[PDB]
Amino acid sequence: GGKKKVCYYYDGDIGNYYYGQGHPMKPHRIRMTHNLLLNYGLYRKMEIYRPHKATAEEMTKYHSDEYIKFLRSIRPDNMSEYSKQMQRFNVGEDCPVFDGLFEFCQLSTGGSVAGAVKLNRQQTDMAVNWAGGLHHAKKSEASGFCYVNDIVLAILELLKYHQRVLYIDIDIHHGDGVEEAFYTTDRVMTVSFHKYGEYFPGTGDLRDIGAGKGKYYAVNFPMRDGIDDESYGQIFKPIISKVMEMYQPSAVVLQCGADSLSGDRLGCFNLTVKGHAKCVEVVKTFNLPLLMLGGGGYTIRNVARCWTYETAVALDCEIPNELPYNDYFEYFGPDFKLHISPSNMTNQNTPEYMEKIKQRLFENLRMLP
């Protein structure tokens, strides 16, 4: 289907926001990603855009006025005056108050929405916002280190020109906030692959399939610890192909959370960067307008490797395994290579389990009109 035009959204301020001592979410990982892919020369092959800061107007296309007003007001120095509101909107633990929090949301959101607009106008085939993918935020509530749901806002922008949008989520966590926003519509189908059982956020059962006009338009593939490239690859392509055949979306949003990689600090999957990136490759083959977004990812050297490689995949541009010098080179020791090895952790997802869950999801997809 040809090489695709790629537009890529980055603001160099993003890496300066800080969740606080001990918090595993490190926005600095976006700056590492950017610097690595610049040093591989990938700027030669794509348009690089600085996103606008999304306004309250943009954000309240989904989020409540009250919740957005609170995000705009709350600061480390006025927290004690906002104790009640902090509890109502679930801010102050997983989702702390930090300096510049609202500007941070504006930058994340701006990239996703700017990308969607660029796709709507047919000025690009693919838009990339690695600072996006905040799949847990809800209408009036922060969750899971997410405050504003850039994905939901980007999909609402796509729905202006697209009757049917497909969302795919390869983050190790269930994309509960996106699924919830679109649970009762058939105009967005949500497909999430995730660890399920005794794991954040606790949602995404096989049996959660949508409601009302959205019944059968939510798809959940629950997995156990230790899934590897071969097991994941054998279910992802057939599920996504069946979804494409039955749902026939005209645009796609792919959340590429890198916490499904081997060695992630919060994750317990065993995927390599090649295994993860094979998902990008599969989605690309359908030749649809594609918004690719970040997500979780807590071993930051591997997040940088993952999203650098996935940018190269979007560009159909082969890059060497030997890392080029970069500003964060020491983080990539002791090997200084792009690709990673899986661990020897046991895969708890048996072949039989994977095939059985796949067959249950195929039965649900036969129920589309």
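Note that residue numbering follows the sequence shown and begins at 1.
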On average, which has the higher Cα B-factor in the deposited entry, 86 to 94 or 261 to 269?
86 to 94
Tell me which of 57 to 65 and 304 to 312 has the higher mean C-alpha B-factor in the deposited entry.
57 to 65
Have a look at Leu338, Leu36, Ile30, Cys317 and flag the one whose Cα has the highest B-factor in the entry.
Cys317
Sorting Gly110, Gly294, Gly212, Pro222 by Cα temperature factor from the record, which one lands on top?
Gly212
Looking at the temperature factor on the CA atom of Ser140, which third of the chain's modelled residues does it land in?
highest
Going by the recorded CA B-factors, say which third of the chain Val148 sits in, lowest, middle or highest.
lowest
Please place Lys284 in the lowest, middle or highest third of its chain by C-alpha B factor as given in the entry.
highest
For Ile74, the third of its chain into which the C-alpha B factor falls
highest
State the tercile, meaning the lowest, middle or highest third, of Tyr161 with respect to the CA B-factors recorded for its chain.
highest
